[PDB]
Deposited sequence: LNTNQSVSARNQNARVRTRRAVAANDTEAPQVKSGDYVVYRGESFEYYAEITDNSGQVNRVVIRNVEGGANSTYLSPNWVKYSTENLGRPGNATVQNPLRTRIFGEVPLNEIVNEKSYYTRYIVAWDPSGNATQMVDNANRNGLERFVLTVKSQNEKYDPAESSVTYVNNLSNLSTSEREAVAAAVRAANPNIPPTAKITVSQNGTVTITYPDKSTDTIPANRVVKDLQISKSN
């Protein structure tokens, strides 16, 4: 056996202030995989260094016959919690999944984007706003679109909240005097909703 384990990963996008969890699938022609490391490219054959330190991983059922077949691949959990203080611009971390078969053949690390989604993957860190796609709210009819009262601003925010149960509970929804909506996430990134997607009046 001189064929290394083959890996299928994916496009692993993660977001500040949020947990993430992805699975990679690993097969070997022998049907068995004994070890899995996720690592930075540098450091040579024995390195297990992986950064950022909040990237965790685990593999169940290692070292058992038939644990890594085409019909039932071995799976490695890749998971963690992204801190609020990560720098984003998106930020990118290209990483490698190395698996070993019983003969000691290890998946090779090849530095080319054409291998992305195989043993090589890109972990993309985005701001928290990018995880959400604020939904179409129920229109709030106000007296005058150029001057919402406090009660009208609160009504618009409540309609947006009711239409968006998946946004973080501690995100803050605010509405301006012309009905423009701002959603401020825990990581302090924002989404905006133009007024005429949420408010109308009967002045015409």
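Undergrad: As a test: can you identify every run of the deposited sequence that has no C-alpha position in this structure, in order?
TA: 1-25, 115, 231-234 are the stretches of the deposited chain that have no C-alpha coordinates in the structure.
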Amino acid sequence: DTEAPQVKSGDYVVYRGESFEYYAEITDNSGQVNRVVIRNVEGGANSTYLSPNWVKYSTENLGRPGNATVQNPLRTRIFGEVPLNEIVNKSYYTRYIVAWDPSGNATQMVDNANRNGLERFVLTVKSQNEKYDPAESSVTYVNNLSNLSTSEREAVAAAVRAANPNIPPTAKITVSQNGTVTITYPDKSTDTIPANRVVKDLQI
From here on, numbers count along this sequence of modelled residues.
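Rigid core (definition): largest C-alpha set, two forms, superposition within 1.5 Å.
Undergrad: With the rigid core as the fit anchor, does 132-140 or 163-171 show bigger C-alpha shifts in 5 other deposited structures of this protein?
TA: Evaluated in 5 other deposited structures of this protein, the stretch farther from the shown form is 132-140.
Undergrad: Averaging CA B factors per stretch from the PDB record, which one is higher: 29-37 or 42-50?
TA: Comparing averages over the C-alpha atoms only gives 42-50.
Undergrad: Between 103-111 and 72-80, which has the larger average Cα B-factor in the PDB entry?
TA: Stretch with the greater average CA B-factor: 103-111.
Undergrad: If you compare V139, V55, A158, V175, which has the highest Cα B-factor in the entry?
TA: Most elevated C-alpha B-factor of the set, per the entry: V139.
Undergrad: So where's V7 on the chain's Cα temperature factor ranking, which third?
TA: It belongs to the lowest third of the chain when residues are ordered by C-alpha B-factor.
Undergrad: What third of the chain, by the recorded C-alpha B-factor, contains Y96?
TA: According to the entry, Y96 has a C-alpha B-factor in the chain's lowest third.
Undergrad: How does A195 rank on Cα B-factor within its chain, lowest, middle or highest third?
TA: Ranked within chain, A195 CA B lands in the highest tercile.
Undergrad: What third of the chain does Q128 rank in for C-alpha temperature factor, lowest, middle or highest?
TA: It belongs to the middle third of the chain when residues are ordered by C-alpha B-factor.
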